[PDB]
$ cat entry-v4.pdb   # PDB, C-alpha atoms and all ligand atoms
ATOM      1  CA  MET A   1     -69.662 -58.839  59.950
ATOM      2  CA  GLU A   2     -67.785 -60.247  56.964
ATOM      3  CA  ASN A   3     -69.095 -63.793  57.345
ATOM      4  CA  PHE A   4     -71.115 -62.946  54.251
ATOM      5  CA  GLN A   5     -70.853 -60.943  51.050
ATOM      6  CA  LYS A   6     -73.910 -58.655  51.029
ATOM      7  CA  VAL A   7     -75.323 -60.058  47.790
ATOM      8  CA  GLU A   8     -77.395 -56.839  47.678
ATOM      9  CA  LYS A   9     -79.563 -54.363  49.567
ATOM     10  CA  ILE A  10     -83.202 -55.389  49.217
ATOM     11  CA  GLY A  11     -85.212 -52.999  51.364
ATOM     12  CA  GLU A  12     -85.523 -50.404  54.118
ATOM     13  CA  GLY A  13     -87.701 -51.066  57.142
ATOM     14  CA  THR A  14     -88.967 -48.739  59.849
ATOM     15  CA  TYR A  15     -86.425 -50.331  62.175
ATOM     16  CA  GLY A  16     -83.643 -50.758  59.646
ATOM     17  CA  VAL A  17     -82.413 -51.842  56.221
ATOM     18  CA  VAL A  18     -82.602 -55.448  55.006
ATOM     19  CA  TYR A  19     -79.920 -57.197  52.913
ATOM     20  CA  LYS A  20     -79.737 -60.461  50.994
ATOM     21  CA  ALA A  21     -76.499 -62.247  51.840
ATOM     22  CA  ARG A  22     -74.723 -65.550  51.440
ATOM     23  CA  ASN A  23     -72.735 -67.199  54.199
ATOM     24  CA  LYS A  24     -69.130 -67.725  53.050
ATOM     25  CA  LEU A  25     -68.717 -70.994  54.953
ATOM     26  CA  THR A  26     -72.167 -72.609  54.702
ATOM     27  CA  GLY A  27     -73.151 -70.922  51.448
ATOM     28  CA  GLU A  28     -76.688 -70.388  52.725
ATOM     29  CA  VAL A  29     -78.618 -67.364  51.471
ATOM     30  CA  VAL A  30     -80.276 -65.313  54.222
ATOM     31  CA  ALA A  31     -81.866 -61.921  54.761
ATOM     32  CA  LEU A  32     -79.997 -59.611  57.127
ATOM     33  CA  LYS A  33     -81.762 -56.802  58.961
ATOM     34  CA  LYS A  34     -79.478 -54.160  60.474
ATOM     35  CA  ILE A  35     -81.077 -52.351  63.419
ATOM     36  CA  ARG A  36     -79.925 -48.789  64.121
ATOM     37  CA  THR A  41     -76.947 -46.138  68.512
ATOM     38  CA  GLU A  42     -74.502 -47.010  71.295
ATOM     39  CA  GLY A  43     -76.635 -48.656  73.962
ATOM     40  CA  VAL A  44     -79.671 -50.709  72.922
ATOM     41  CA  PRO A  45     -82.302 -51.464  75.627
ATOM     42  CA  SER A  46     -81.308 -54.156  78.132
ATOM     43  CA  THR A  47     -84.316 -56.471  77.823
ATOM     44  CA  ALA A  48     -84.432 -55.622  74.108
ATOM     45  CA  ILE A  49     -81.927 -58.115  72.724
ATOM     46  CA  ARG A  50     -83.303 -60.550  75.300
ATOM     47  CA  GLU A  51     -86.903 -60.174  74.115
ATOM     48  CA  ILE A  52     -85.869 -60.290  70.467
ATOM     49  CA  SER A  53     -83.738 -63.369  71.110
ATOM     50  CA  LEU A  54     -86.833 -65.091  72.454
ATOM     51  CA  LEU A  55     -88.381 -64.673  68.992
ATOM     52  CA  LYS A  56     -85.857 -67.214  67.709
ATOM     53  CA  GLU A  57     -88.057 -69.883  69.323
ATOM     54  CA  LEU A  58     -91.029 -68.842  67.190
ATOM     55  CA  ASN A  59     -91.686 -71.555  64.619
ATOM     56  CA  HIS A  60     -94.722 -71.402  62.415
ATOM     57  CA  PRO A  61     -95.168 -72.003  58.701
ATOM     58  CA  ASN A  62     -96.401 -68.438  58.264
ATOM     59  CA  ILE A  63     -93.721 -66.651  60.210
ATOM     60  CA  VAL A  64     -90.337 -65.916  58.654
ATOM     61  CA  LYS A  65     -87.794 -67.852  60.721
ATOM     62  CA  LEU A  66     -85.469 -65.669  62.796
ATOM     63  CA  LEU A  67     -82.208 -67.615  62.688
ATOM     64  CA  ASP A  68     -79.968 -65.353  64.748
ATOM     65  CA  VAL A  69     -79.792 -62.108  66.698
ATOM     66  CA  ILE A  70     -76.250 -60.735  66.882
ATOM     67  CA  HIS A  71     -75.020 -57.721  68.832
ATOM     68  CA  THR A  72     -71.689 -56.381  67.543
ATOM     69  CA  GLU A  73     -70.107 -52.935  67.255
ATOM     70  CA  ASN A  74     -73.095 -51.672  69.235
ATOM     71  CA  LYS A  75     -75.242 -52.636  66.221
ATOM     72  CA  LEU A  76     -78.034 -55.226  66.098
ATOM     73  CA  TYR A  77     -78.283 -57.813  63.317
ATOM     74  CA  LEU A  78     -81.252 -60.073  62.737
ATOM     75  CA  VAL A  79     -80.563 -63.036  60.449
ATOM     76  CA  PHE A  80     -83.713 -64.353  58.760
ATOM     77  CA  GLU A  81     -84.426 -67.245  56.451
ATOM     78  CA  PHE A  82     -84.660 -65.735  52.969
ATOM     79  CA  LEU A  83     -87.929 -65.706  51.048
ATOM     80  CA  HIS A  84     -87.878 -64.692  47.408
ATOM     81  CA  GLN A  85     -90.323 -61.819  47.097
ATOM     82  CA  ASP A  86     -92.253 -59.321  49.237
ATOM     83  CA  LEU A  87     -95.975 -58.735  48.826
ATOM     84  CA  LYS A  88     -95.554 -55.104  47.789
ATOM     85  CA  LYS A  89     -93.421 -56.105  44.811
ATOM     86  CA  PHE A  90     -95.825 -58.926  43.934
ATOM     87  CA  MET A  91     -98.798 -56.567  44.178
ATOM     88  CA  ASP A  92     -97.123 -54.045  41.876
ATOM     89  CA  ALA A  93     -96.224 -56.894  39.532
ATOM     90  CA  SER A  94     -99.873 -58.000  39.549
ATOM     91  CA  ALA A  95    -101.270 -54.454  39.179
ATOM     92  CA  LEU A  96    -102.464 -54.898  35.581
ATOM     93  CA  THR A  97    -104.306 -58.160  36.088
ATOM     94  CA  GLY A  98    -104.753 -58.290  39.845
ATOM     95  CA  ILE A  99    -103.997 -61.158  42.217
ATOM     96  CA  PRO A 100    -106.567 -63.913  41.643
ATOM     97  CA  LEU A 101    -109.148 -64.030  44.444
ATOM     98  CA  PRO A 102    -108.334 -67.634  45.404
ATOM     99  CA  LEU A 103    -104.701 -66.586  45.964
ATOM    100  CA  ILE A 104    -105.717 -63.467  47.890
ATOM    101  CA  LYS A 105    -107.930 -65.668  50.060
ATOM    102  CA  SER A 106    -105.100 -68.138  50.556
ATOM    103  CA  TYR A 107    -102.692 -65.410  51.591
ATOM    104  CA  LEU A 108    -105.187 -63.808  53.980
ATOM    105  CA  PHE A 109    -105.941 -67.213  55.541
ATOM    106  CA  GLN A 110    -102.237 -67.979  56.018
ATOM    107  CA  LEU A 111    -101.520 -64.501  57.382
ATOM    108  CA  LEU A 112    -104.323 -64.897  59.917
ATOM    109  CA  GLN A 113    -102.857 -68.264  60.950
ATOM    110  CA  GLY A 114     -99.501 -66.585  61.464
ATOM    111  CA  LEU A 115    -101.042 -63.767  63.488
ATOM    112  CA  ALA A 116    -103.202 -66.214  65.490
ATOM    113  CA  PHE A 117     -99.961 -68.001  66.359
ATOM    114  CA  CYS A 118     -98.003 -64.911  67.409
ATOM    115  CA  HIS A 119    -100.900 -63.414  69.340
ATOM    116  CA  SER A 120    -101.447 -66.676  71.230
ATOM    117  CA  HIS A 121     -97.784 -66.419  72.186
ATOM    118  CA  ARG A 122     -98.293 -62.819  73.259
ATOM    119  CA  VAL A 123     -96.254 -61.490  70.335
ATOM    120  CA  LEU A 124     -97.549 -58.499  68.375
ATOM    121  CA  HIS A 125     -96.188 -57.109  65.156
ATOM    122  CA  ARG A 126     -97.399 -53.485  65.353
ATOM    123  CA  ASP A 127     -95.934 -52.461  61.961
ATOM    124  CA  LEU A 128     -97.467 -54.829  59.439
ATOM    125  CA  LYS A 129     -97.352 -53.754  55.814
ATOM    126  CA  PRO A 130     -96.967 -55.352  52.398
ATOM    127  CA  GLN A 131     -93.177 -54.907  52.622
ATOM    128  CA  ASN A 132     -92.814 -57.293  55.548
ATOM    129  CA  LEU A 133     -95.020 -60.032  54.128
ATOM    130  CA  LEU A 134     -92.870 -62.458  52.102
ATOM    131  CA  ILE A 135     -93.966 -65.064  49.563
ATOM    132  CA  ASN A 136     -92.360 -68.128  48.002
ATOM    133  CA  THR A 137     -92.869 -70.113  44.803
ATOM    134  CA  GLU A 138     -94.875 -72.759  46.690
ATOM    135  CA  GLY A 139     -97.807 -70.506  47.563
ATOM    136  CA  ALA A 140     -96.841 -69.775  51.165
ATOM    137  CA  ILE A 141     -96.795 -66.309  52.662
ATOM    138  CA  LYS A 142     -95.018 -65.354  55.881
ATOM    139  CA  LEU A 143     -94.819 -62.441  58.270
ATOM    140  CA  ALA A 144     -91.437 -60.955  59.140
ATOM    141  CA  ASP A 145     -90.272 -58.520  61.839
ATOM    142  CA  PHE A 146     -92.605 -59.275  64.746
ATOM    143  CA  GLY A 147     -92.183 -57.946  68.278
ATOM    144  CA  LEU A 148     -89.750 -55.167  67.349
ATOM    145  CA  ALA A 149     -91.945 -52.280  68.496
ATOM    146  CA  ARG A 150     -92.489 -53.977  71.866
ATOM    147  CA  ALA A 151     -88.754 -54.391  72.411
ATOM    148  CA  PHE A 152     -87.924 -50.910  71.092
ATOM    149  CA  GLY A 153     -90.548 -48.428  69.948
ATOM    150  CA  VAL A 154     -91.631 -46.356  66.945
ATOM    151  CA  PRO A 155     -88.842 -43.791  66.251
ATOM    152  CA  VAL A 156     -88.943 -40.461  64.387
ATOM    153  CA  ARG A 157     -88.496 -42.167  61.005
ATOM    154  CA  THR A 158     -85.884 -44.799  60.173
ATOM    155  CA  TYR A 159     -82.183 -45.581  60.602
ATOM    156  CA  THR A 160     -81.462 -43.111  57.776
ATOM    157  CA  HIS A 161     -84.179 -40.509  57.103
ATOM    158  CA  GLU A 162     -87.006 -42.454  55.433
ATOM    159  CA  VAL A 163     -90.711 -41.824  54.829
ATOM    160  CA  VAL A 164     -92.477 -44.077  57.343
ATOM    161  CA  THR A 165     -95.622 -45.785  56.034
ATOM    162  CA  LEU A 166     -98.740 -44.762  57.970
ATOM    163  CA  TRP A 167    -101.252 -46.422  55.667
ATOM    164  CA  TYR A 168    -101.662 -49.547  57.803
ATOM    165  CA  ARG A 169    -101.794 -47.947  61.272
ATOM    166  CA  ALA A 170    -104.817 -48.759  63.467
ATOM    167  CA  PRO A 171    -106.878 -45.747  64.559
ATOM    168  CA  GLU A 172    -106.163 -46.278  68.249
ATOM    169  CA  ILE A 173    -102.470 -45.754  67.456
ATOM    170  CA  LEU A 174    -103.211 -42.590  65.486
ATOM    171  CA  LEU A 175    -105.333 -41.326  68.394
ATOM    172  CA  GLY A 176    -102.376 -41.671  70.749
ATOM    173  CA  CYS A 177    -103.235 -44.785  72.719
ATOM    174  CA  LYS A 178    -100.393 -45.715  75.066
ATOM    175  CA  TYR A 179    -101.359 -49.385  75.207
ATOM    176  CA  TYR A 180    -102.178 -51.205  72.021
ATOM    177  CA  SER A 181    -103.447 -54.751  71.595
ATOM    178  CA  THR A 182    -103.271 -57.546  69.055
ATOM    179  CA  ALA A 183    -106.193 -55.735  67.400
ATOM    180  CA  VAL A 184    -103.692 -53.380  65.738
ATOM    181  CA  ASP A 185    -102.372 -56.238  63.600
ATOM    182  CA  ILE A 186    -105.855 -57.231  62.481
ATOM    183  CA  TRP A 187    -106.434 -53.641  61.365
ATOM    184  CA  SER A 188    -103.203 -53.586  59.331
ATOM    185  CA  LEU A 189    -104.042 -56.937  57.762
ATOM    186  CA  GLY A 190    -107.530 -55.677  56.880
ATOM    187  CA  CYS A 191    -105.961 -52.727  55.066
ATOM    188  CA  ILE A 192    -103.614 -55.091  53.195
ATOM    189  CA  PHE A 193    -106.501 -57.414  52.296
ATOM    190  CA  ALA A 194    -108.437 -54.479  50.838
ATOM    191  CA  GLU A 195    -105.394 -53.381  48.851
ATOM    192  CA  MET A 196    -104.817 -56.822  47.363
ATOM    193  CA  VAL A 197    -108.444 -56.806  46.227
ATOM    194  CA  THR A 198    -108.737 -53.288  44.773
ATOM    195  CA  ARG A 199    -105.074 -52.829  43.791
ATOM    196  CA  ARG A 200    -104.944 -49.501  45.552
ATOM    197  CA  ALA A 201    -104.127 -48.611  49.148
ATOM    198  CA  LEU A 202    -107.255 -48.319  51.295
ATOM    199  CA  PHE A 203    -106.123 -45.335  53.386
ATOM    200  CA  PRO A 204    -103.075 -43.728  51.740
ATOM    201  CA  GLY A 205    -102.539 -40.874  54.192
ATOM    202  CA  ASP A 206     -99.602 -38.541  53.668
ATOM    203  CA  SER A 207     -99.660 -37.316  57.282
ATOM    204  CA  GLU A 208    -100.933 -38.627  60.593
ATOM    205  CA  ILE A 209    -104.006 -36.375  60.519
ATOM    206  CA  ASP A 210    -104.578 -37.084  56.833
ATOM    207  CA  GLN A 211    -104.306 -40.803  57.670
ATOM    208  CA  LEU A 212    -106.838 -40.417  60.447
ATOM    209  CA  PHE A 213    -109.209 -38.323  58.341
ATOM    210  CA  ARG A 214    -109.007 -40.710  55.394
ATOM    211  CA  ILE A 215    -110.155 -43.436  57.771
ATOM    212  CA  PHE A 216    -112.949 -41.192  59.102
ATOM    213  CA  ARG A 217    -114.125 -40.172  55.632
ATOM    214  CA  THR A 218    -114.574 -43.817  54.708
ATOM    215  CA  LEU A 219    -115.724 -45.479  57.939
ATOM    216  CA  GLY A 220    -117.380 -42.442  59.486
ATOM    217  CA  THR A 221    -115.969 -40.262  62.281
ATOM    218  CA  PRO A 222    -116.049 -42.494  65.375
ATOM    219  CA  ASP A 223    -118.119 -41.501  68.385
ATOM    220  CA  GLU A 224    -118.948 -42.911  71.820
ATOM    221  CA  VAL A 225    -121.672 -45.048  70.275
ATOM    222  CA  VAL A 226    -119.404 -47.130  68.028
ATOM    223  CA  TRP A 227    -116.286 -46.754  70.144
ATOM    224  CA  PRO A 228    -116.845 -46.235  73.873
ATOM    225  CA  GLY A 229    -114.029 -44.099  75.231
ATOM    226  CA  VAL A 230    -112.882 -42.690  71.895
ATOM    227  CA  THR A 231    -113.612 -39.071  72.873
ATOM    228  CA  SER A 232    -111.251 -39.353  75.832
ATOM    229  CA  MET A 233    -108.309 -40.644  73.804
ATOM    230  CA  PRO A 234    -105.078 -38.577  73.983
ATOM    231  CA  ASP A 235    -105.140 -37.076  70.504
ATOM    232  CA  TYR A 236    -108.896 -36.971  70.036
ATOM    233  CA  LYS A 237    -110.217 -33.455  69.291
ATOM    234  CA  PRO A 238    -113.907 -32.545  69.507
ATOM    235  CA  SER A 239    -113.053 -30.394  66.496
ATOM    236  CA  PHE A 240    -112.635 -33.451  64.230
ATOM    237  CA  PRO A 241    -115.019 -33.099  61.285
ATOM    238  CA  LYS A 242    -117.996 -35.447  61.513
ATOM    239  CA  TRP A 243    -118.114 -37.563  58.364
ATOM    240  CA  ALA A 244    -120.945 -40.043  57.919
ATOM    241  CA  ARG A 245    -119.957 -43.634  57.181
ATOM    242  CA  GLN A 246    -119.782 -44.500  53.485
ATOM    243  CA  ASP A 247    -121.700 -47.401  51.994
ATOM    244  CA  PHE A 248    -119.289 -50.310  52.408
ATOM    245  CA  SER A 249    -119.934 -51.782  48.923
ATOM    246  CA  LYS A 250    -117.957 -48.821  47.643
ATOM    247  CA  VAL A 251    -114.895 -49.751  49.748
ATOM    248  CA  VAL A 252    -113.818 -53.063  48.224
ATOM    249  CA  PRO A 253    -115.671 -53.737  45.013
ATOM    250  CA  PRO A 254    -116.021 -56.266  43.675
ATOM    251  CA  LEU A 255    -115.275 -58.471  46.710
ATOM    252  CA  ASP A 256    -118.202 -60.754  47.614
ATOM    253  CA  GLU A 257    -120.357 -60.280  50.737
ATOM    254  CA  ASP A 258    -118.392 -62.818  52.794
ATOM    255  CA  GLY A 259    -115.168 -60.964  52.098
ATOM    256  CA  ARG A 260    -116.827 -57.625  52.801
ATOM    257  CA  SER A 261    -118.303 -58.762  56.083
ATOM    258  CA  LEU A 262    -114.974 -60.224  57.190
ATOM    259  CA  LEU A 263    -113.193 -57.032  56.169
ATOM    260  CA  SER A 264    -115.716 -54.897  58.041
ATOM    261  CA  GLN A 265    -115.024 -56.915  61.199
ATOM    262  CA  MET A 266    -111.282 -56.448  60.786
ATOM    263  CA  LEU A 267    -111.839 -52.705  60.516
ATOM    264  CA  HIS A 268    -114.099 -52.102  63.508
ATOM    265  CA  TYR A 269    -113.058 -48.933  65.285
ATOM    266  CA  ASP A 270    -113.286 -50.353  68.809
ATOM    267  CA  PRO A 271    -110.302 -52.670  69.375
ATOM    268  CA  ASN A 272    -112.656 -54.733  71.559
ATOM    269  CA  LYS A 273    -115.116 -55.271  68.722
ATOM    270  CA  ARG A 274    -112.452 -55.873  66.062
ATOM    271  CA  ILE A 275    -112.325 -59.561  65.140
ATOM    272  CA  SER A 276    -109.434 -61.711  66.388
ATOM    273  CA  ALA A 277    -107.173 -63.725  64.092
ATOM    274  CA  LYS A 278    -108.631 -66.940  65.558
ATOM    275  CA  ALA A 279    -112.264 -65.891  65.058
ATOM    276  CA  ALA A 280    -111.462 -64.592  61.569
ATOM    277  CA  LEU A 281    -110.089 -68.005  60.551
ATOM    278  CA  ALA A 282    -113.563 -69.452  61.190
ATOM    279  CA  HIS A 283    -115.303 -66.832  59.047
ATOM    280  CA  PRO A 284    -117.388 -68.324  56.200
ATOM    281  CA  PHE A 285    -115.179 -66.442  53.717
ATOM    282  CA  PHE A 286    -112.644 -69.248  54.212
ATOM    283  CA  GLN A 287    -115.028 -72.169  53.702
ATOM    284  CA  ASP A 288    -113.613 -72.730  50.210
ATOM    285  CA  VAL A 289    -110.013 -71.681  50.782
ATOM    286  CA  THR A 290    -107.321 -73.439  48.745
ATOM    287  CA  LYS A 291    -103.578 -72.986  48.262
ATOM    288  CA  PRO A 292    -102.877 -71.721  44.716
ATOM    289  CA  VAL A 293     -99.405 -71.318  43.243
ATOM    290  CA  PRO A 294     -98.514 -67.722  42.426
ATOM    291  CA  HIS A 295     -96.845 -66.712  39.174
ATOM    292  CA  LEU A 296     -93.593 -65.305  40.525
ATOM    293  CA  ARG A 297     -90.993 -63.578  38.399
ATOM    294  CA  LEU A 298     -87.733 -63.717  40.325
TER     295      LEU A 298
HETATM  296  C1  LIG B 301     -87.201 -59.379  58.209
HETATM  297  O1  LIG B 301     -87.287 -58.985  56.821
HETATM  298  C2  LIG B 301     -87.152 -59.814  55.811
HETATM  299  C3  LIG B 301     -86.896 -61.236  56.100
HETATM  300  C4  LIG B 301     -86.728 -62.205  55.040
HETATM  301  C5  LIG B 301     -86.808 -61.801  53.665
HETATM  302  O2  LIG B 301     -86.648 -62.711  52.654
HETATM  303  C6  LIG B 301     -87.068 -60.400  53.338
HETATM  304  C7  LIG B 301     -87.175 -59.912  51.929
HETATM  305  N1  LIG B 301     -87.023 -60.773  50.867
HETATM  306  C8  LIG B 301     -87.127 -60.329  49.578
HETATM  307  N2  LIG B 301     -86.968 -61.195  48.568
HETATM  308  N3  LIG B 301     -87.394 -58.996  49.338
HETATM  309  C9  LIG B 301     -87.549 -58.125  50.383
HETATM  310  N4  LIG B 301     -87.814 -56.820  50.158
HETATM  311  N5  LIG B 301     -87.438 -58.583  51.678
HETATM  312  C10 LIG B 301     -87.233 -59.445  54.402
END

$ encode --input "entry-v4.pdb" --output "C-alpha cells"
Amino acid sequence: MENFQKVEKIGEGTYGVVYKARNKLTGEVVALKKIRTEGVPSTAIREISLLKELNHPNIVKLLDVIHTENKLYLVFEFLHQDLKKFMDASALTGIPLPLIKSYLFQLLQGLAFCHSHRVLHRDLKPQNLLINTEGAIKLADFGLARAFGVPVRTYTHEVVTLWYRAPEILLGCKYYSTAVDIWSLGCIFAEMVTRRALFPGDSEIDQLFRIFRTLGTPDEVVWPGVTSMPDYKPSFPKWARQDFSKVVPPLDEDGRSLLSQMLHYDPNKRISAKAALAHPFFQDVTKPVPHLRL
C-alpha cells in the first residue's frame, strides 16, 4: 500500500481510521479508510464491493475496495471538510437556517437513495457527513454494519459515539430498519440547529435515559411491542414527555414537526426519507454556499 503518500491522518471511525492520500501515479487526492484481523467475512468484501455501484450526488463515491495483507482498504473520493468540524467552526454564530435546511434536504435525498437500494448506514454521525465548497453534503461509510457488525469499540481502543443511536438499537433489537438512519439524521438536524448534541449520553443506559427524559419513557401506547424488547426493563423510570418547543428552539413549527416525525419511537411510525422530502419544511429550500475555512 505505497501507491500513495499518506498526506495525513484525518479521522477515526467506528470501523477504522481514515487518511487523506495522493496517488503517486495519477496524483489524485482521495480518502483512505483502513478497516481492522486475519479473516474478514466471506460475503463482506462482496457486499462492500457492491457499494462501488452506488452513485448519487449525496453519497461519497466509493472508488475502490482492496483486500491486502488481510486488511481492508476503502478508497473514497475526497471531500474537504466533515460536518462535525464545520459545526464546531460555526459554533459562535451557528449555521444559517437556509444552509441547515439545504443540508438536511440533501441528506434525506441521499438516504432515500440508499434505502431504496436496500442499503442502510446504521452509524450516521456528523463525522461521516462531508461537505464541499459548492454547498453539497454527502454521506460516507454506508452498509458497513450490515457487512460486518458493531464491534466492542474501534480498530484501536476508541470511544464510540452513542449520541445518534436509534432507541430500538439501544433496546437490543436484533433486526433494525432504515428507520435507524432517520433517527440519527434527526439528532444531527437538532444539533445543527441548537449547536449542542440532542442526546449526549456517556453510556448506553445514559443514552437511553436521556432520550426518555426528553421524549418520555416509551410504553405500549406509543410503541407497540416496546415492553417485550430484549433490553427493556419494567424498572425503567417513567419520565413524562417534555414540551417539544424546548427541544429545538428557535426552529419554526415546520422544522419542529418534521423533527418530531424523525424522532418517533416506533420505527413503523418514524417518517421515511422519501416522505420527509415532501414535508412542508422544504417548500422554500435553496442551496446556499457555506463559508468554509480549509
Ligand atoms: C469514508 O470516510 C470519508 C470519506 C471521504 C472524506 O473526504 C472523508 C473526510 N474528509 C475530510 N476532509 N475530513 C474528514 N474527517 N473525513 C471521510

$ atom_distance --input "entry-v4.pdb" --atom1 "atom CA of residue 250 of chain A" --atom2 "atom CA of residue 215 of chain A"
13.9 Å

$ atom_distance --input "entry-v4.pdb" --atom1 "atom CA of residue 73 of chain A" --atom2 "atom CA of residue 41 of chain A"
9.7 Å

$ residues_near_point --input "entry-v4.pdb" --point "(-69.4, -61.6, 56.4)" --cutoff "10 Å" --atoms "only C-alpha atoms" --output "PyMOL selection string"
chain A and resi 1-6+21-25

$ write_last_selection --input "entry-v4.pdb" --atoms "C-alpha atoms" --output "tab-separated table (two decimals), in the frame of the given file"
chain	number	residue	atom	x	y	z
A	1	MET	CA	-69.66	-58.84	59.95
A	2	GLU	CA	-67.78	-60.25	56.96
A	3	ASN	CA	-69.10	-63.79	57.34
A	4	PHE	CA	-71.11	-62.95	54.25
A	5	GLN	CA	-70.85	-60.94	51.05
A	6	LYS	CA	-73.91	-58.66	51.03
A	21	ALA	CA	-76.50	-62.25	51.84
A	22	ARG	CA	-74.72	-65.55	51.44
A	23	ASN	CA	-72.74	-67.20	54.20
A	24	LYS	CA	-69.13	-67.72	53.05
A	25	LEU	CA	-68.72	-70.99	54.95

$ resolve_selection --input "entry-v4.pdb" --expression "the PyMOL selection byres (((not hetatm)) within 6 of (chain B and resi 301))" --output "list in words"
residues 10, 11, 31, 80, 81, 82, 83, 84, 85, 86, 132, 144 and 145 of chain A

$ write_last_selection --input "entry-v4.pdb" --atoms "C-alpha atoms" --output "PDB file, keeping the file's coordinate frame"
ATOM      1  CA  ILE A  10     -83.202 -55.389  49.217  1.00  0.00           C
ATOM      2  CA  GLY A  11     -85.212 -52.999  51.364  1.00  0.00           C
ATOM      3  CA  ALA A  31     -81.866 -61.921  54.761  1.00  0.00           C
ATOM      4  CA  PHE A  80     -83.713 -64.353  58.760  1.00  0.00           C
ATOM      5  CA  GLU A  81     -84.426 -67.245  56.451  1.00  0.00           C
ATOM      6  CA  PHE A  82     -84.660 -65.735  52.969  1.00  0.00           C
ATOM      7  CA  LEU A  83     -87.929 -65.706  51.048  1.00  0.00           C
ATOM      8  CA  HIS A  84     -87.878 -64.692  47.408  1.00  0.00           C
ATOM      9  CA  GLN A  85     -90.323 -61.819  47.097  1.00  0.00           C
ATOM     10  CA  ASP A  86     -92.253 -59.321  49.237  1.00  0.00           C
ATOM     11  CA  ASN A 132     -92.814 -57.293  55.548  1.00  0.00           C
ATOM     12  CA  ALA A 144     -91.437 -60.955  59.140  1.00  0.00           C
ATOM     13  CA  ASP A 145     -90.272 -58.520  61.839  1.00  0.00           C
TER      14      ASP A 145
END

$ closest_residue --input "entry-v4.pdb" --among "A:239, A:47, A:74, A:246" --to "residue 217 of chain A" --atoms "all atoms listed in the file"
A:246

$ resolve_selection --input "entry-v4.pdb" --expression "the PyMOL selection byres (((chain A and resi 289-296) around 9) and not hetatm)" --output "list in words"
residues 84, 85, 90, 93, 99, 100, 102, 103, 105, 106, 107, 109, 135, 136, 137, 138, 139, 140, 285, 286, 287, 288, 297 and 298 of chain A

$ resolve_selection --input "entry-v4.pdb" --expression "the PyMOL selection byres (((chain A and resi 196) around 12) and not hetatm)" --output "MDAnalysis selection string"
chainID A and resid 87:95 97:108 129:130 189:195 197:202 252:255

$ closest_atom_pairs --input "entry-v4.pdb" --of "segment 186-256 of chain A" --to "segment 162-173 of chain A" --cutoff "7 Å" --atoms "only C-alpha atoms" --output "Markdown table"
| residue | atom | partner | partner_atom | distance |
| --- | --- | --- | --- | --- |
| A:187 | CA | A:170 | CA | 5.6 |
| A:188 | CA | A:168 | CA | 4.6 |
| A:191 | CA | A:168 | CA | 6.0 |
| A:203 | CA | A:167 | CA | 5.5 |
| A:204 | CA | A:167 | CA | 5.1 |
| A:205 | CA | A:167 | CA | 5.9 |
| A:211 | CA | A:167 | CA | 6.7 |
| A:212 | CA | A:171 | CA | 6.7 |

$ closest_residue --input "entry-v4.pdb" --among "A:261, A:51, A:272, A:61" --to "residue 284 of chain A" --atoms "only C-alpha atoms"
A:261

$ residues_around --input "entry-v4.pdb" --residues "residue 278 of chain A" --least-positions-apart "5" --cutoff "9 Å" --atoms "all atoms listed in the file" --output "PDB file with C-alpha atoms, in the frame of the given file"
ATOM      1  CA  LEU A 112    -104.323 -64.897  59.917  1.00  0.00           C
ATOM      2  CA  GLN A 113    -102.857 -68.264  60.950  1.00  0.00           C
ATOM      3  CA  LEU A 115    -101.042 -63.767  63.488  1.00  0.00           C
ATOM      4  CA  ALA A 116    -103.202 -66.214  65.490  1.00  0.00           C
ATOM      5  CA  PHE A 117     -99.961 -68.001  66.359  1.00  0.00           C
TER       6      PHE A 117
END

$ atom_distance --input "entry-v4.pdb" --atom1 "atom CA of residue 210 of chain A" --atom2 "atom CA of residue 16 of chain A"
25.2 Å

$ closest_residue --input "entry-v4.pdb" --among "A:64, A:186, A:263, A:275" --to "residue 143 of chain A" --atoms "only C-alpha atoms"
A:64

$ closest_residue --input "entry-v4.pdb" --among "A:52, A:79, A:63, A:133" --to "residue 29 of chain A" --atoms "all atoms listed in the file"
A:79

$ closest_residue --input "entry-v4.pdb" --among "A:158, A:265, A:231, A:221" --to "residue 15 of chain A" --atoms "only C-alpha atoms"
A:158

$ closest_residue --input "entry-v4.pdb" --among "A:262, A:183, A:177, A:17" --to "residue 126 of chain A" --atoms "only C-alpha atoms"
A:183
